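To start, the structure itself, in C-alpha cells.
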20 protein chains.
Amino acid sequence: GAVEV
Amino acid sequence: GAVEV
Amino acid sequence: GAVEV
Amino acid sequence: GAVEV
Amino acid sequence: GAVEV
Amino acid sequence: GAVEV
Amino acid sequence: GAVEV
Amino acid sequence: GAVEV
Amino acid sequence: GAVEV
Amino acid sequence: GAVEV
Amino acid sequence: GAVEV
Amino acid sequence: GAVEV
Amino acid sequence: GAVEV
Amino acid sequence: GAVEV
Amino acid sequence: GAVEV
Amino acid sequence: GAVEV
Amino acid sequence: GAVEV
Amino acid sequence: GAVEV
Amino acid sequence: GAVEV
Amino acid sequence: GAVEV
Ligand SMILES: *C(=O)Cc1ccc(-c2ccc(-c3ccc(CC(*)=O)cc3)s2)cc1
Ligand SMILES: *C(=O)Cc1ccc(-c2ccc(-c3ccc(CC(*)=O)cc3)s2)cc1
Ligand SMILES: *C(=O)Cc1ccc(-c2ccc(-c3ccc(CC(*)=O)cc3)s2)cc1
Ligand SMILES: *C(=O)Cc1ccc(-c2ccc(-c3ccc(CC(*)=O)cc3)s2)cc1
Ligand SMILES: *C(=O)Cc1ccc(-c2ccc(-c3ccc(CC(*)=O)cc3)s2)cc1
Ligand SMILES: *C(=O)Cc1ccc(-c2ccc(-c3ccc(CC(*)=O)cc3)s2)cc1
Ligand SMILES: *C(=O)Cc1ccc(-c2ccc(-c3ccc(CC(*)=O)cc3)s2)cc1
Ligand SMILES: *C(=O)Cc1ccc(-c2ccc(-c3ccc(CC(*)=O)cc3)s2)cc1
Ligand SMILES: *C(=O)Cc1ccc(-c2ccc(-c3ccc(CC(*)=O)cc3)s2)cc1
Ligand SMILES: *C(=O)Cc1ccc(-c2ccc(-c3ccc(CC(*)=O)cc3)s2)cc1
Ligand SMILES: *C(=O)Cc1ccc(-c2ccc(-c3ccc(CC(*)=O)cc3)s2)cc1
Ligand SMILES: *C(=O)Cc1ccc(-c2ccc(-c3ccc(CC(*)=O)cc3)s2)cc1
Ligand SMILES: *C(=O)Cc1ccc(-c2ccc(-c3ccc(CC(*)=O)cc3)s2)cc1
Ligand SMILES: *C(=O)Cc1ccc(-c2ccc(-c3ccc(CC(*)=O)cc3)s2)cc1
Ligand SMILES: *C(=O)Cc1ccc(-c2ccc(-c3ccc(CC(*)=O)cc3)s2)cc1
Ligand SMILES: *C(=O)Cc1ccc(-c2ccc(-c3ccc(CC(*)=O)cc3)s2)cc1
Ligand SMILES: *C(=O)Cc1ccc(-c2ccc(-c3ccc(CC(*)=O)cc3)s2)cc1
Ligand SMILES: *C(=O)Cc1ccc(-c2ccc(-c3ccc(CC(*)=O)cc3)s2)cc1
Ligand SMILES: *C(=O)Cc1ccc(-c2ccc(-c3ccc(CC(*)=O)cc3)s2)cc1
Ligand SMILES: *C(=O)Cc1ccc(-c2ccc(-c3ccc(CC(*)=O)cc3)s2)cc1
Ligand SMILES: *C(=O)Cc1ccc(-c2ccc(-c3ccc(CC(*)=O)cc3)s2)cc1
Ligand SMILES: *C(=O)Cc1ccc(-c2ccc(-c3ccc(CC(*)=O)cc3)s2)cc1
Ligand SMILES: *C(=O)Cc1ccc(-c2ccc(-c3ccc(CC(*)=O)cc3)s2)cc1
Ligand SMILES: *C(=O)Cc1ccc(-c2ccc(-c3ccc(CC(*)=O)cc3)s2)cc1
Ligand SMILES: *C(=O)Cc1ccc(-c2ccc(-c3ccc(CC(*)=O)cc3)s2)cc1
Ligand SMILES: *C(=O)Cc1ccc(-c2ccc(-c3ccc(CC(*)=O)cc3)s2)cc1
Ligand SMILES: *C(=O)Cc1ccc(-c2ccc(-c3ccc(CC(*)=O)cc3)s2)cc1
C-alpha cells in the first residue's frame, strides 16, 4: 500500500 | 490499499 | 509500500 | 518501501 | 528502502 | 537503503 | 547504504 | 556505505 | 566507506 | 575508507 | 489544532 | 480542533 | 499546531 | 508548530 | 517550528 | 526553527 | 536555526 | 545556525 | 554558524 | 563560522 500526500 | 490525500 | 509527499 | 519527499 | 528528499 | 538529499 | 547530499 | 557531499 | 566532499 | 576532499 | 486534508 | 476532509 | 495535507 | 505536506 | 514537506 | 524539505 | 533540504 | 542541504 | 552542503 | 561543503 502506497500512500500519496 | 493505497490512500490518496 | 512507498509513501509520496 | 521508498519514501519520496 | 531509499528515501528521496 | 540509499538516502538522496 | 550510500547517502547523497 | 559511501557518502557523497 | 569512502566519503566524497 | 578513503576520504576525498 | 485544526487539520484540513 | 476542527477537521475538514 | 495546524496541519494541511 | 504547523505542518503542510 | 513549522515544517512544509 | 523551521524546516522545509 | 532553520533547515531546508 | 541555518543549514541547507 | 551556517552550513550549506 | 560558516561551512560550505
Ligand atoms: C499485530 O497484531 C501484529 C502485526 C502488525 C502488523 C502486521 C503487518 C504485516 C504487513 C503489513 C502491511 C501491509 C500493507 C502495507 C501497505 C502496502 O504495502 C503496509 C504494511 S502490516 C502484521 C502483524
Ligand atoms: C490483529 O488482530 C492482528 C493483525 C493486524 C493486521 C493484519 C493485516 C494484514 C494485512 C493488512 C493490510 C491490508 C491492506 C492494506 C492496504 C493495501 O495494501 C494494508 C494492510 S492488515 C493482520 C493481523
Ligand atoms: C508488531 O506486532 C511487530 C511487527 C511490526 C512490524 C512488522 C512489519 C513487517 C513488514 C512491514 C512493512 C510492510 C510494508 C511496508 C511498506 C512497503 O513496503 C513497510 C513495512 S511492518 C511485523 C511485526
Ligand atoms: C517490533 O516488534 C520489532 C520489529 C521492528 C521492525 C521490523 C521490520 C522489518 C522490516 C521492516 C521494513 C519494511 C519495509 C520498509 C520500506 C521498504 O523497504 C522498511 C522497513 S520493519 C520487524 C520487527
Ligand atoms: C526492534 O525491535 C529491533 C529491530 C530494529 C530494526 C530492525 C530492522 C531490520 C532491517 C531494517 C530496514 C529495512 C528497510 C530499510 C530501507 C531499505 O532498505 C531500512 C532498514 S530495520 C530489526 C529489528
Ligand atoms: C535494535 O534493536 C538493534 C538493531 C539496530 C539496527 C539494526 C540494523 C541492521 C541493518 C540496518 C540497516 C538496513 C538498511 C539500511 C539502508 C540500506 O542499506 C541501513 C541500515 S539497521 C539491527 C538491530
Ligand atoms: C544497536 O543495538 C547496536 C548496533 C548498531 C548498529 C548496527 C549496524 C550494522 C550495520 C549497519 C549499517 C547498515 C547499512 C549502512 C548503509 C549502507 O551500507 C550503514 C550501516 S548498522 C548493529 C548493531
Ligand atoms: C553499538 O552498539 C556498537 C557498534 C557500533 C558500530 C558498529 C558498526 C559496524 C559496521 C558499521 C558500518 C557499516 C556501513 C558503513 C558505510 C559503508 O560501509 C559504515 C560503518 S557500524 C557495530 C557495533
Ligand atoms: C563502539 O561500540 C565500538 C566500535 C566502534 C567502531 C567500530 C567500527 C568498525 C569498523 C568501522 C567502519 C566501517 C566502515 C567504514 C567506511 C568504509 O570502510 C569506516 C569504519 S567502525 C566497531 C566498534
Ligand atoms: C572504540 O570503541 C574503540 C575502537 C575505535 C576504532 C576502531 C577502528 C578499527 C578500524 C577502523 C577504520 C575502518 C575504516 C577506515 C576507513 C578505510 O579504511 C578507517 C578506520 S576504526 C576500533 C575500536
Ligand atoms: C497536565 O495537565 C499535563 C498537560 C497535558 C496536556 C495539556 C494540553 C492542553 C491543551 C493542549 C493543546 C492542544 C491542541 C493545540 C493545537 C490545537 O488547538 C494546542 C494545545 S496540550 C496541558 C497539560
Ligand atoms: C499527556 O499529556 C499525553 C498527551 C500527549 C499529547 C497531547 C497533544 C496535545 C496537542 C496535540 C495535537 C494538536 C494538533 C495536531 C494537528 C492534527 O490535526 C496534532 C496534535 S496532541 C495531549 C496529551
Ligand atoms: C488532566 O486533566 C490532564 C489533561 C488532559 C487533557 C486536557 C485537554 C483539554 C482540552 C484539550 C484540547 C483539545 C482540542 C484542542 C483543539 C480543538 O479544539 C485543543 C485543546 S487537551 C487537559 C489536561
Ligand atoms: C490523556 O490526556 C490522553 C489524551 C491525549 C490526547 C488528547 C488530545 C487533545 C487534543 C487532541 C486533538 C485535537 C484536534 C485534532 C485534529 C483532528 O481533527 C487532533 C487531536 S487529542 C486528549 C487526551
Ligand atoms: C506539564 O504540564 C508539562 C506540559 C506538557 C505539555 C504542555 C503543552 C501545552 C500546549 C502545548 C502546545 C501544543 C501545540 C502547539 C502548536 C499548535 O497549537 C503549541 C504548544 S505543549 C505544557 C506543559
Ligand atoms: C508530555 O508532555 C507528553 C507530550 C509530548 C508532546 C506534546 C506535544 C505538544 C505539541 C505537539 C505538536 C503540535 C503540532 C504538531 C504539528 C502537527 O500537525 C505536532 C506536534 S505534541 C504533548 C505532550
Ligand atoms: C515543563 O513544563 C517542561 C515543558 C515542556 C514543554 C513545554 C512546551 C510548551 C509549548 C511548546 C511549543 C510547542 C510548539 C511550538 C511550535 C508550534 O506552535 C513551540 C513551542 S514546548 C514547556 C515546558
Ligand atoms: C517533555 O517535555 C516531552 C516533550 C518533548 C517535546 C515536545 C515538543 C515541543 C514542540 C514540538 C514540535 C512542534 C512542531 C513541530 C513541527 C511539526 O509539525 C514538531 C515538534 S514537540 C513536547 C514535550
Ligand atoms: C524546563 O521547562 C526546560 C524547558 C523545556 C523546553 C522548553 C521549550 C519551550 C518552547 C520551545 C520551542 C519550541 C519550538 C520552537 C520553534 C517553533 O516554534 C522554538 C522553541 S523549547 C523550555 C524549557
Ligand atoms: C526536554 O526538554 C525534552 C525536549 C527536547 C527538545 C524539545 C524541542 C524544542 C523544539 C523542538 C523543534 C521545533 C521545531 C522543529 C522543526 C520540525 O518541524 C524541530 C524541533 S524540539 C522539547 C523538549
Ligand atoms: C532550562 O530551561 C534549559 C533550557 C532548555 C532549552 C531551552 C530552549 C528554549 C528554546 C530554544 C530554541 C528552539 C528552537 C529555536 C529555533 C526555532 O525556532 C531556537 C531556540 S532552546 C532553553 C533553556
Ligand atoms: C541553561 O539554560 C543552558 C542553555 C541551554 C541552551 C540554550 C539555548 C537557547 C537557545 C539556543 C539556540 C537555538 C537555536 C539557534 C539557531 C536557530 O534559531 C540559536 C540559539 S541555545 C541556552 C542556555
Ligand atoms: C550556559 O548557559 C552555557 C551556554 C550554553 C550555550 C550557549 C549558547 C546559546 C546560543 C548559542 C548559539 C546557537 C546557534 C548559533 C548559530 C545559529 O543561530 C549561534 C549561537 S550557544 C550559551 C551559554
Ligand atoms: C559560558 O557561558 C561559556 C560559553 C560557552 C559558549 C559560548 C558561545 C555562545 C555562542 C557561540 C557561537 C556559536 C556559533 C557561532 C557561529 C554561528 O553563528 C558563533 C558563536 S559560542 C559562550 C560562552
Ligand atoms: C562548552 O562551552 C562546550 C561548547 C563547545 C563548543 C561550542 C560551539 C560554539 C560554536 C560552534 C560551531 C558553530 C558553527 C559551526 C559550523 C557548522 O555548521 C561549527 C561549530 S560549536 C559550544 C559549546
Ligand atoms: C568563557 O566564556 C570562555 C569562552 C569560551 C568561548 C568563547 C567564544 C564565543 C564565541 C566564539 C566564536 C565562535 C565562532 C566563531 C566563527 C563563527 O562565527 C568566532 C568566535 S568563541 C569565548 C569565551
Ligand atoms: C571551551 O571553551 C571549549 C570550546 C572550544 C572551542 C570552541 C569554538 C569556538 C569556535 C569554533 C569554530 C568555529 C567555526 C569553525 C568552522 C567550521 O565550520 C570551527 C570551529 S569552536 C568553543 C568552546
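Chain identifiers are assigned as A, B, and so on, following the order in which chains appear in the C-alpha cells; residues are numbered from 1 within each chain, and ligands are numbered from 1 in order of appearance.
For ligand 27, the protein and nucleic acid residues at most 9 Å away, judged by only C-alpha atoms and all ligand atoms, amount to residues 1, 2 and 3 of chain S; 1, 2, 3 and 4 of chain T.
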